[PDB]
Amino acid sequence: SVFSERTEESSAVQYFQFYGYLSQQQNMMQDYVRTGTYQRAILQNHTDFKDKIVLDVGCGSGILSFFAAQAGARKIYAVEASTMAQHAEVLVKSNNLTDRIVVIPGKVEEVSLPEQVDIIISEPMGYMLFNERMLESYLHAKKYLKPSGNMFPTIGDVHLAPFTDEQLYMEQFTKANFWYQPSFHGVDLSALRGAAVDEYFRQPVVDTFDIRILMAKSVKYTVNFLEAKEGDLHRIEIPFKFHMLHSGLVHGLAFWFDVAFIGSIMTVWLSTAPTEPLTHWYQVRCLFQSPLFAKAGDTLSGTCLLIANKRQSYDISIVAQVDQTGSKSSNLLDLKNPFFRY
């Protein structure tokens, strides 16, 4: 299938095993910003669901399908590849919604549905939006979408901004500097110091931070899920040009994302911005190996390039330069090995 071809089997096994646990579902459900915002998006846009046919891609415990049912959906096909499908079916029966929610076990790339749908709902966002490559499954599922069907979420905005955080930078350097020792119990480790530095700086940092570390306004990169094709997410090129509002050392780029549910009644936003209440996505920072000095009024330009890999993640290439001086930093990150600093 399209899934098996893009995904190493060992990655897939671990991925679906992880989502089989009720404790993982509980952690996500307890994010009230997440769960309450999805419910609001769906219920306040009840006319997008009333008497409609719905596909829930990767339904987990089924929560979004229950919201679609609360909003009056006629039929909801709830697709789920992990063993969580079993638990979803238990809830459908115990909530007396067997006439409206049909659990379909399997990958959305592999199952057969009996009809086309009016609207697709999912929660395909990982860290930095793109981690886990579930957006591809979501876009793949548009093979079931009627012409002029809707997608909830409809669009995703990735925000990037330069930050300064000397303490974060030094933390990672301090860890890597372990490998500088010429006599660790009599052993010279120093030949590996470069490799150690590279490894640590390849880890995106997942946590939150004070917005005062940001040195310019964010650049926004928008993916429209009604228009995007699955293949568009194999290679994602994000150019940026920041007008620096503060002078200082730029230690990296910070990332967050917003999704919008563009319904017939209203647009509801779920934001993971550092100006908004914290969610379980936090925010993500990619450190530069060497910071770049810029003055207020300078321009920091470059590219963030995300290349999808077979471990359901992305290799991230970030190249940035201060236009006025030619000072450049170039860095490679492995979005599958984040450092959870919170």
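We number the residues from 1 along the sequence you see. Between two forms, the rigid core is defined as the largest C-alpha subset superposing within 1.5 Å.
Taking the root mean square of CA deviations in 8 other deposited structures of this protein after fitting on the rigid core, 168-176 and 155-163 differ, and the farther of the two is 168-176. Of the two segments 181-189 and 101-109, the one whose CA positions lie farther from the displayed form in 8 other deposited structures of this protein, once all are superposed on the rigid core, is 181-189. Looking at mean Cα B-factors across 136-144 and 166-174, the upper value is held by 166-174.
When the two stretches 14-22 and 330-338 are set side by side, the higher mean Cα temperature factor goes to 330-338.
The PDB entry gives the largest Cα B-factor of the residues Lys93, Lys241, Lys107, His87 to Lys241. Sorting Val103, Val268, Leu97, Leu249 by the CA temperature factor given in the entry leaves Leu249 at the top.
Ranked by Cα temperature factor within the chain, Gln30 sits in the highest third according to the deposited record. Among all modelled residues in its chain, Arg285 ranks in the middle third by Cα B-factor.
Looking at the C-alpha B-factors along this chain, the one for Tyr180 belongs to the highest third. Among all modelled residues in this chain, the alpha-carbon of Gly36 has a temperature factor (C-alpha) in the lowest third. Among all modelled residues in this chain, the alpha-carbon of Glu80 has a temperature factor (C-alpha) in the lowest third.
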